[PDB]
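If you want the building blocks of each chain, they are given just below.
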Amino acid sequence: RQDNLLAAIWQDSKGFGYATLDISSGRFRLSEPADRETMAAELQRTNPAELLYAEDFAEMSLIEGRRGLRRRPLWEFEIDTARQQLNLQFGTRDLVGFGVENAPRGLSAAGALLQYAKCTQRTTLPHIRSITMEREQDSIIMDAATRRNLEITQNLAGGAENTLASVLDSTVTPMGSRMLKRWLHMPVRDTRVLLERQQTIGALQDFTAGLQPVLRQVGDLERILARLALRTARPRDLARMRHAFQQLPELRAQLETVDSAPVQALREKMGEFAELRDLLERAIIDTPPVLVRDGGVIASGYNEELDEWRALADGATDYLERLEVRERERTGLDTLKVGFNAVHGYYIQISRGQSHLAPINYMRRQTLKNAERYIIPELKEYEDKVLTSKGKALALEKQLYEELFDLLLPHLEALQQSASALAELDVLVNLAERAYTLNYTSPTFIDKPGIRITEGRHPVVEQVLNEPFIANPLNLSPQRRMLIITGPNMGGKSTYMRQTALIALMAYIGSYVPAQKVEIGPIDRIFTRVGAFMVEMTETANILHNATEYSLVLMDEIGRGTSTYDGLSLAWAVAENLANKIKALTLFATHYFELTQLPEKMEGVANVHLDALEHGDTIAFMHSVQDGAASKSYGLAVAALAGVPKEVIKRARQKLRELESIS
Amino acid sequence: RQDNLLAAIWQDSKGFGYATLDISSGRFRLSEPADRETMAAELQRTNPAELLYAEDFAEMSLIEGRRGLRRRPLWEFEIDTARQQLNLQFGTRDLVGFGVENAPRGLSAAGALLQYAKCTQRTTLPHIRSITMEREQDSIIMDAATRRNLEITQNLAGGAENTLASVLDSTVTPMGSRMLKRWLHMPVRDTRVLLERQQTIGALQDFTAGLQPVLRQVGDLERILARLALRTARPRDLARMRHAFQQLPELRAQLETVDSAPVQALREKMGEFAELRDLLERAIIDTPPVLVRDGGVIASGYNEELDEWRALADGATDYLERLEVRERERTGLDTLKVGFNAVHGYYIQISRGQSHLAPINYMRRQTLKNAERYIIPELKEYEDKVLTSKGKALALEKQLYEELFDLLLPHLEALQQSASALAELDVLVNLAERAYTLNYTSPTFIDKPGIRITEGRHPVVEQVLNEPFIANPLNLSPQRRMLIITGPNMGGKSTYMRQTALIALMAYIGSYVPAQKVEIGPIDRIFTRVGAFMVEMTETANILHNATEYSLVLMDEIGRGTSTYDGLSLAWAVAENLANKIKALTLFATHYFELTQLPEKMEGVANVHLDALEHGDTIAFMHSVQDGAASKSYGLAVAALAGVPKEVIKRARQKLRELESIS
Amino acid sequence: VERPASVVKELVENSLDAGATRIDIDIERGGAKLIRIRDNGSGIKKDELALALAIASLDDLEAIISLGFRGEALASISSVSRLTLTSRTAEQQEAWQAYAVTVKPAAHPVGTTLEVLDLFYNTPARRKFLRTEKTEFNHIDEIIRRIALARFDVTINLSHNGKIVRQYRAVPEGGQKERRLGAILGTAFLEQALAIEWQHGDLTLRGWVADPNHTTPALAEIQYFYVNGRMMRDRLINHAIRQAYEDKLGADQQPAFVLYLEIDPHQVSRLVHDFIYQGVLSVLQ
Amino acid sequence: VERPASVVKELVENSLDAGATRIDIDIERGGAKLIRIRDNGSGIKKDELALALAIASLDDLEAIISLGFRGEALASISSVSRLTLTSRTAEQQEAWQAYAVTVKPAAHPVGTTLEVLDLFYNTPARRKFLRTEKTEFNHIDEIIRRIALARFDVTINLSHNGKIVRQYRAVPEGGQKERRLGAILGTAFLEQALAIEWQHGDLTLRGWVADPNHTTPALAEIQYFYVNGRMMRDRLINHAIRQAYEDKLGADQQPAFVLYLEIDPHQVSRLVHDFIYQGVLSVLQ
Ligand SMILES: Nc1ncnc2c1ncn2[C@@H]1O[C@H](COP(=O)(O)OP(=O)(O)NP(=O)(O)O)[C@@H](O)[C@H]1O
Ligand SMILES: Nc1ncnc2c1ncn2[C@@H]1O[C@H](COP(=O)(O)OP(=O)(O)NP(=O)(O)O)[C@@H](O)[C@H]1O
């Protein structure tokens with residue numbers, strides 16, 4: 001009762017590439033175990049009967065004991081050789097459609113595996129027509145298409161404007177904005193982690209007001225920790241950081257009242273570090289400059305010697321003045337000035353006209369156009385002590401600064417996690433605020449793949465839209481797993497499609513959702529293909545090769561051929577595959593009206609449509625979802641709205657009339 | 001013979017917004033004169049009989065004397081009021097289709113003009129159904145679509161990879177790369193400016209080898225000039241800059257032989273500045289550090305005082321050593337070291353075990369872990385003179401550096417243009433190299449709108465393509481101004497279309513082109529609409545509203561409706577408008593086969609197609625342009641190329657067979 | 001209709017008079033550029049739209065003007081603006097819409113929405129008279145704050161120049177009224193708010209009063225008292241209130257209060273003062 | 001066929017033997033990963049492709065093997081590679097292509113193109129005979145430089161790892177030969193190149209020689225002499241050349257030269273030495 005499988009393996013700098021095969025079944029698989037532990041677990045899981053390994057395989061301890069060991073030469077694991085050879089069997093020129101394109105570490109392993117199998121069989125193996133990767137994280141994945149298409153953090157052109165992030169991210173600090181961005185690129189499946197966040201969002205909804213003002217005062221703590229590890233942190237980094245610590249007493253007070261175990265755990269991870277707070281308050285002056293070179297960072301009293309050196313330097317301002325007055329009144333020369341010059345040092349300046357009235361003791365230092373500068377021993381002695389004391393005061397200030405790193409780095413462990421706690425809080429507090437402000441509700445989970453929406457809306461569009469956004473119900477299950485969406489363009493097909501995808505992600509990050517009520521089952525993978533032909537067909541195939549019962553698929557008007565017939569013919573056969581074999585949860589939007597025959601013939605399929613009403617030379621979109629199909633094509637109505645002259649419009653209507661009265 | 005027009009005008013901080021109208025004809029126009037001169041010239045050109053102006057109009061001198069003056073309130077020139085009101089008349093919700101969306105200064109002028117006309121007429125004016133802007137730049141055109149679509153400097157995803165620029169920009173310095181980018185966003189019409197560059201490319205084709213090695217040595221001169229204006233230029237900026245001047249003698253020598261008036265003019269604009277070259281050779285040491293703070297920039301001899309201060313400081317090396325040896329051999333303690341510390345200064349260090357054997361003269365300075373450090377009077381005296389001399393040497397070094405800017409800024413005007421000359425040379429030399437290396441030919445211009453290509457190729461693709469790129473002929477004129485392109489997907493429709501646009505731009509920057517021979521007429525505007533429906537219809541309208549006989553238009557498979565009939569109906573009526581009314585030069589690629597009847601019935605129209613041949617288990621694209629139409633729809637063949645399983649493919653072919661045998 | 005606030009008074013009364021439970025309001029530039037009130041109550045049919053803007057024209061209509069006291073207020077407003085109306089009734093129907101000169105269908109929920117572009121569109125002066133923007137909106141925020149307190153069961157959402165400003169949630173059946181009170185008046189009043197509930201037969205006094213010992217000049221701006229939902233301001237009621245602060249503690253400083261008097265309709269009464277004076281005095285002690 | 005350079009020798013000779021005027025060459029990774037020679041001369045028909053790779057199967061082909069001198073060299077090469085061929089003749093026809101085991105049509109100009117992948121698939125040793133990629137290409141560049149000098153009338157375009165390396169343009173009827181010479185041998189030789197043209201009856205000496213007074217060790221690597229276009233290296237010819245440098249100036253240093261001897265077919269004749277010696281000596285004086 002054990003499978004008799006073949007496997008191939010090798011390693012580069014980064015990790016391990018792995019491949020497995022059953023020649024009796026035609027099942028061909030791939031993987032890329034990231035670390036030694038996952039690798040050892042995968043070997044145990046698959047249980048291969050024979051194993052091909054590269055002669056440069058370093059960690060021999062993983063493979064020595066396994067049965068059917070075969071030492072292979074290096075040349076067999078060539079990446080582009082694998083590409084060409086795999087392409088030759090499947091009859092392709094690239095592997096984008098199989099969804100293994102960006103997994104070269106695995107691909108090299110399959111390339112060597114391939115060459116062995118051919119030599120052992122010496123027969124064609126048309127029963128092997130495909131390959132799929134075994135993906136480590138059973139907690140979820142999004143393809144390239146979906147990430148850009150939905151405009152989570154990035155609108156399609158390339159910018160960050162009017163995205164999902166743009167509407168939801170009214171956080172107060174940069175590190176919270178960044179943690180938010182990671183969690184949006186990472187919705188989690190573990191029911192328990194989502195329930196932390198749901199209870200939390202419910203418990204904190206009242207206290208939005210009191211906490212966000214305090215969170216703003218923190219600043220960018222996360223990036224400061226990077227520069228502490230590098231020994232390059234600056235005085236104004238410490239100014240905000242110190243100010244952040246002063247809020248922690250207040251934050252510890254307000255969070256104690258929140259009845260939630262996740263909240264109390266975070267409140268502890270937070271901390272206040274009262275000891276390090278006091279240190280910075282005493283060690284640094286209230287308002288420091290940008291760099292260390294300028295000095296004026298360290299506060300007096302904290303260091304006895306620093307004060308001493310400053311006394312020699314600060315004995316300047318009062319000393320210079322006494323000499324100026326004494327010398328001016330002694331000589332009776334009013335243009336007598338005491339000034340400073342970086343090159344020549346301190347001096348006593350006298351104007352050209354009075355220069356000949358100067359005292360005998362004055363040694364001339366610097367001659368100028370309209371004045372003569374002199375020096376005396378009293379000023380020259382004082383000159384040297386001030387510059388050298390300043391240099392030593394500034395040099396001591398730079399030493400004490402470097403020594404502060406030595407004393408703070410011992411708490412680095414607890415501080416990194418304090419920062420991770422604070423970033424999480426800004427994210428969650430912002431979320432509790434968005435749920436309350438934008439009118440969201442608490443959803444529930446289910447066993448089997450299914451979605452049931454009550455008054456669902458698009459979270460970005462509803463607020464940016466300068467009109468009433470029409471909310472719509474949705475009913476999906478394993479018994480209703482595919483919807484044929486017919487209707488006019490700008491009817492709201494893509495919007496009602498894209499609102500569903502955005503709603504789903506919100507639920508799987510633990511958040512409340514724009515609806516009256518929501519129920520939702522498990523989802524394994526989310527797939528997307530929206531119109532911008534080679535482009536189109538390769539991507540659709542990928543979705544077909546990798547999908548299961550749990551998969552979400554959003555098709556936006558695919559099935560454009562090189563003519564009218566062929567494109568539709570594909571769309572029909574495609575939907576068959578999804579409905580009958582895969583049984584995935586699918587939304588199929590299109591303009592080809594003939595598809596509306598499917599619900600009669602295919603179980604689990606029904607007709608829906610975006611309803612519209614025509615009158616005179618205009619149209620009114622109700623934007624409401626209805627059972628049934630569209631009345632007609634509304635292309636003639638849409639073209640007028642774009643700005644087309646009547647000459648063309650009139651020709652089109654006359655021509656359309658001919659075609660519609662054929663049959 | 002001359003116009004009885006109405007006009008409206010206003011100004012904000014930046015410039016002037018202007019609008020003109022003939023109520024007898026329905027011709028409604030707009031403009032945004034950038035400066036006072038062009039504004040005064042436009043008034044003279046149009047000759048308005050009545051003029052509406054804003055009460056905040058500052059420069060009254062432009063308008064005081066003109067006839068039919070009417071002072072208007074400010075509220076009438078509101079931008080969003082204009083948007084709503086214009087949208088109400090045309091029956092649109094936005095003005096993207098009219099091609100004036102990005103011209104708010106003009107739009108406000110039209111908004112005020114609108115309100116006046118309605119009140120004076122008090123009759124409907126359906127004879128005014130559109131608006132177009134009068135464009136200042138008669139030389140050069142590109143809409144938003146074309147700039148991104150062709151991937152001149154930017155591939156569509158957002159990056160700079162594998163663009164036109166990427167293949168052709170093998171320049172040796174950054175400022176040449178930047179000037180190239182500006183000239184590609186600016187092809188010029190003046191035949192004479194293009195003939196400068198053609199003669200130049202021909203005259204320099206031989207000398208490619210000898211000059212580019214020398215051009216590389218320049219570095220980024222252009223951006224250094226920015227930091228000179230700001231007083232922030234650095235020592236390593238000057239290192240390369242100095243090295244650049246040393247090549248100018250050599251460059252002046254090699255350029256003298258090039259027989260071309262444009263070249264000789266540039267060779268003079270270039271210069272060598274022998275005076276400023278000598279200054280830097282004497283004033284700075286041959287290899288300087290990154291910043292000024294560190295010192296070691298200024299070379300000795302150039303300044304007598306700098307040398308003097310360094311003598312005190314350079315009296316260190318020999319002095320410290322003598323003391324170390326004398327003291328070590330005197331005491332008999334081998335761990336005796338003379339070292340330096342920033343905080344405590346110079347010291348004599350002795351190890352812990354030997355510390356008790358030290359002389360009585362040794363005063364203790366610093367106690368450490370493994371050692372005791374001491375100080376003696378001989379070292380302490382010398383400590384003070386070295387630090388003070390270093391300070392003064394370093395302070396003088398910073399002063400002299402700042403004074404170098406004062407003496408160089410007087411030549412700033414000639415130097416900016418020297419840099420503009422050098423940037424132009426790197427651009428043009430690179431172009432002469434690409435024309436020779438990539439096998440290009442010299443083109444010619446003509447009177448009438450028309451293009452004749454002999455063996456034309458796509459400049460980026462042909463080199464990156466690891467297969468034979470099939471060159472193709474093109475024959476266009478006012479008597480052959482529209483081509484119906486039928487054929488398969490991946491046939492080479494978009495490629496043969498896009499190679500034509502790239503070829504055209506190369507000719508209008510003065511460059512040689514990938515072909516055996518080329519002739520080309522005047523072209524006023526270049527328009528593009530390529531597949532990503534709201535998206536499609538608005539942009540098509542824009543092309544309709546603004547095109548003329550000289551206009552280049554590249555349609556890539558438009559005419560998709562909300563069903564099958566309506567989209568084609570439009571495409572038919574569209575091509576009629578372009579062929580019959582506008583008479584523009586048009587390439588119309590599509591999949592709807594029925595359009596191929598047009599050449600019989602419409603003059604100046606002919607069928608072309610990308611030919612393909614089907615046999616056995618495969619298909620062969622000849623990639624050659626042919627007269628006639630495609631054999632069939634190739635959608636079922638294209639889907640297999642993307643990566644689709646045979647289950648779906650086989651169902652589609654069987655199903656297509658049913659549909660085609662209905663009728 | 002001199003101010004934007006008086007035009008808001010009128011159309012806001014009309015929406016509530018139709019049984020509206022959510023009144024969402026979006027403004028731009030002190031009410032000059034844009035004003036939008038949407039109500040989700042009872043709407044108006046396709047018949048009652050056209051003639052409510054444009055009067056011997058009543059000849060063939062047959063007394064539909066009767067259902068349109070609001071319909072009268074529109075006429076005064078729409079003649080002097082670029083008014084853009086849209087609405088839909090409760091029963092199976094499509095929404096309708098009028099302009100400028102062309103009436104046509106549209107899409108809208110069960111209710112009514114209105115759009116106004118700088119009301120005065122033919123007056124060079126009356127627009128130019130219209131005062132600041134920030135200050136006009138402060139009188140809007142004031143009148144909204146007045147009507148918000150008068151109706152706790154209606155959701156009112158207010159925004160301005162894109163920026164969302166205020167969000168008064170509706171009170172459900174016997175709900176927590178604390179959340180609404182704090183949102184209208186800020187944290188300052190809610191923390192010192194002492195509840196009052198007094199009753200002798202027909203007279204009923206409901207509401208809230210700030211604790212005199214911790215009242216500041218900022219809190220003292222909140223001085224509203226209502227008579228069966230309608231805000232009144234008479235000198236006799238002010239006397240009862242201020243005398244009550246005076247006799248409890250010697251500090252006779254400006255009180256902060258929100259009070260609702262409920263009685264049978266008669267136009268005017270000394271027990272009125274004694275009832276009120278004793279109501280507040282009891283709560284402080 | 002031990003090296004890649006010997007495999008290039010063979011296929012490059014076959015292309016020129018078909019009257020090819022443009023031989024464009026693209027390589028990757030020292031010739032291990034990819035090698036592509038395309039000629040635009042005479043091609044091969046659809047019949048002569050399949051059998052030129054693949055033996056009692058010759059039973060029913062009937063001597064088509066005869067038209068395939070080059071077709072022999074293929075067989076030795078294709079049995080030990082993943083050879084990917086494509087070609088088209090001058091006459092009315094579509095291009096064809098062979099693989100791996102399946103032959104089918106393709107698109108190609110009038111000529112022939114060949115593709116070779118990653119050799120040795122069963123030899124532990126012959127692979128382990130790899131040198132370096134960079135050094136293998138330097139021997140390719142060497143052998144291309146040898147054959148480039150032997151044929152001035154053929155355009156040769158050379159690239160490696162995408163990066164284009166060399167571009168030898170073809171000489172038209174009696175054309176400018178200086179541009180080709182400098183491109184093959186760089187700047188150093190072209191500047192000191194002294195022409196030589198000698199002739200007594202049947203013997204003809206054509207070519208170029210560097211000025212002995214300004215010759216460096218770098219220039220001295222260029223030492224090629226041809227006998228009717230085939231490169232020879234015999235020690236008696238070396239003697240004539242070096243003795244000529246010796247007798248003009250005392251510095252007997254390594255000469256730099258490129259020479260073509262043209263004679264009647266025999267294996268090689270004393271005047272051969274004297275003719276060459278006097279040819280070079282005259283040019284130096
Ligand atoms: N629920 C809704 N409420 C209000 N407006 C809506 C709603 N759904 C869609 N719309 C509007 O209808 C338009 C069309 O949406 P969309 O779904 O993209 O149309 P489509 O049929 O996909 N064609 P295309 O836009 O060309 O891809 C959008 O511009 C929305 O403003
Ligand atoms: N003249 C040519 N020579 C060689 N190859 C070509 C040529 N033209 C096109 N090709 C190749 O054939 C493919 C087809 O070109 P393309 O013009 O993109 O087809 P298409 O009609 O645009 N299909 P789609 O992209 O779905 O709209 C391209 O990927 C090119 O690499």
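Residues numbered from 1 in each chain as written, not as in the entry; some residues may be left out. Chains lettered and ligands numbered in written order. Heavy atoms only, no water.

This entry lists X-ray crystallography as its structure determination method and reports a resolution of 7.60 Å.

By the naming in the PDB entry, chain C goes by DNA MISMATCH REPAIR PROTEIN MUTL and is assigned to Escherichia coli.

Per the PDB entry, the recorded name for chain A is DNA MISMATCH REPAIR PROTEIN MUTS, and the organism is Escherichia coli. In the Function part of its UniProt record, chain A is described as follows: "This protein is involved in the repair of mismatches in DNA. It is possible that it carries out the mismatch recognition step. This protein has a weak ATPase activity." On record in UniProt, under Sequence similarities, the comment for chain A is "Belongs to the DNA mismatch repair MutS family." (UniProt positions renumbered as here; feature names shortened; annotations may be inferred.)

> Pulling in residues and values, what's your account of the overall build of chain A?
On a plain count of helices and strands, chain A comes out with 22 helices and 21 strands. Taken over C-alpha atoms, the radius of gyration comes to 37 Å for chain A, far larger than the 26 Å a tight globule of 663 residues would show. Counting all 663 residues of chain A, 53% fall into the buried class. Counting 78 positive and 87 negative side-chain charges, chain A places the centres of these two groups 5 Å from one another. (Helix = DSSP H or I, 4+ residues; strand = E, 2+ residues; numbered from the N terminus. Rg over C-alpha atoms; globule rule 2.2 N^0.38 Å. Buried < 20%, exposed > 50% of the residue type's maximum accessible area, 1.4 Å probe, protein only. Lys, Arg positive; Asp, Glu negative; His and termini not counted. Charge placed at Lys NZ, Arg CZ, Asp CG, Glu CD.)

> Any chance you could break down the domain arrangement of chain A for me, citing the residues and the numbers?
Residues and elements named next belong to chain A. Assigned domains within chain A: domain 1 (5-136), domain 2 (146-272 + 414-437), domain 3 (304-406) and domain 4 (444-632). Distance from the C-alpha centre of domain 2 to the C-alpha centre of domain 3: 53 Å. Opposite the six residues of domain 2 that make contact, domain 3 presents four residues. Ranking the residues of domain 2 by area buried against domain 3 places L228, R231 and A233 at the top, with a combined share of 79%. The interface formed by domain 2 and domain 3 includes two salt bridges. With its nearest N and O atoms 2.8 Å apart, the salt bridge here joins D406 to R231. The interface formed by domain 2 and domain 3 holds three residue pairs in polar contact in total. Of the residues contributing to the side of domain 2 that touches domain 3, the split by class is four nonpolar, no polar and two charged. (Domains from an automatic or database assignment. Contact = heavy atoms within 4.5 Å. Buried area = accessible area lost by both parts, 1.4 Å probe. Salt bridge = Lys/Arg side-chain N within 4 Å of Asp/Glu carboxyl O. Polar contact = N/O pair within 3.5 Å; in protein donor to acceptor, adjacent residues only side chain to side chain. Nonpolar A, V, L, I, M, F, W, Y, C, P; charged D, E, K, R; others polar.)

> Mind laying out the sheet that holds strand β11 (residues 223-227) of chain D, listing which residues take part and the relevant values?
All names here are of chain D. Here we have five strands laid out as an open sheet, ordered β9-β10-β13-β11-β12, and mixed in their pairing. Edge positions in the sheet fall to β9 (193-200) and β12 (230-232), since each of these pairs with one other strand and no more. Adjacent strand axes in the sheet meet at a mean angle of 20° when their direction is disregarded. As paired elements, β11 and strand β13 (residues 257-262) share five bridges and run parallel to each other. Looking at the pairing, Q223 lines up with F257 of β13. Seen against the sheet, helix α5 (residues 133-150) touches β11, β12 and β13 and runs at an angle of roughly 45° to β11. (Pairing = 2+ DSSP bridges. Axes fitted to C-alpha atoms, helices over the stretch in contact; angles between N-to-C directions.)

> Any details on the arrangement of the chains? Residues and values, ideally.
Looking at the five pairs of chains with contacts, the pair that accumulates the most is chains A and B. The smallest C-alpha distance separating chain C from chain D is 53 Å, and no contact links them.

> Account for the site of ligand 1, naming residues and giving values.
Lining the immediate surroundings of ligand 1 are 15 residues, of which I470, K493, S494 and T495 of chain A together with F533 of chain B lie closest. In this structure, ligand 1 sits where chains A and B come together, each supplying nearby residues. At 3.4 Å, a backbone N or O of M490 of chain A approaches an oxygen atom of ligand 1. At 2.3 Å from an oxygen atom of ligand 1 is found a side-chain nitrogen or oxygen belonging to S494 of chain A. Relative to its free-state accessible area of 640 Å², ligand 1 is covered by the protein chains to the extent of 81%. Broken down by element, the shell around ligand 1 gets its largest block of residues, three residues, from helix α17 (residues 493-507) of chain A. (Near = heavy atom within 4 Å. Areas by Shrake-Rupley, 256 points an atom, 1.4 Å probe, with all protein chains shown as cover.)

> So what's going on with the environment of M39 of chain A? Residues and values would help.
Residues and elements named next belong to chain A. Within the secondary structure, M39 is located in helix α1 (residues 36-46). Taking C-alpha positions, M39 is 7.7 Å from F16, a pair spaced 23 residues apart along the chain. Once you skip the residues sitting within four places of it in the chain, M39 turns out to touch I9, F16, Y18, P33 and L62.

> I'd like a description of the packing of helix α8 (residues 208-215) of chain A against helix α15 (residues 412-437) of chain A, backed by residues and values.
Residues and elements named next belong to chain A. At a closest axis distance of 10 Å, the pairing of α8 and α15 adopts a crossing angle of 145°. The way α8 lies across α15 gives a crossing that is left-handed. Along the contact surface, α8 presents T208, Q212 and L215, while α15 presents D426, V429, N430, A432 and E433. Across the contact of α8 with α15, the residue classes break down as three nonpolar, three polar and two charged. (Left-handed = near helix turned anticlockwise from the far one by under 90°.)

> How would you summarise the pairing of strand β4 (residues 95-98) of chain C if you had to cite specific residues and measurements?
Residue and element names in this part refer to chain C. Residues of β4 alternate between two faces, with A95 and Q97 on one and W96 and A98 on the opposite face, all of them buried. Bridge count for strand β3 (residues 84-88) against β4 is three bridges, and the pairing is antiparallel. Within β4, the residue paired with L85 across the bridge is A98. The antiparallel hairpin formed by β3 and β4 contains six residues in its connecting segment. With three bridges joining them, β4 and strand β5 (residues 104-106) adopt antiparallel strand pairing. Within β5, the position partnered with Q97 by the bridge is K104.

> Could you give an account of the UniProt feature "binding site: ATP" in chain A, with specific residues and numbers?
With numbering matched to this structure, UniProt assigns "binding site: ATP" to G487, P488, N489, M490, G491, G492, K493 and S494 of chain A. Residue class for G487 of chain A comes out buried when judged on its relative accessible area of 5%. Apart from the residues lying within four places of it in its own chain, the contact partners of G487 of chain A are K493, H591, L610 and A630 of chain A. With respect to the secondary-structure elements, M490 of chain A resides in the loop between β15 (482-486) and α17. For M490 of chain A, a relative accessible area of 25% gives the class partly exposed. Contact partners of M490 of chain A, with chain neighbours within four places excluded, come to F621, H623, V638 and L641 of chain A together with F533 and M534 of chain B.

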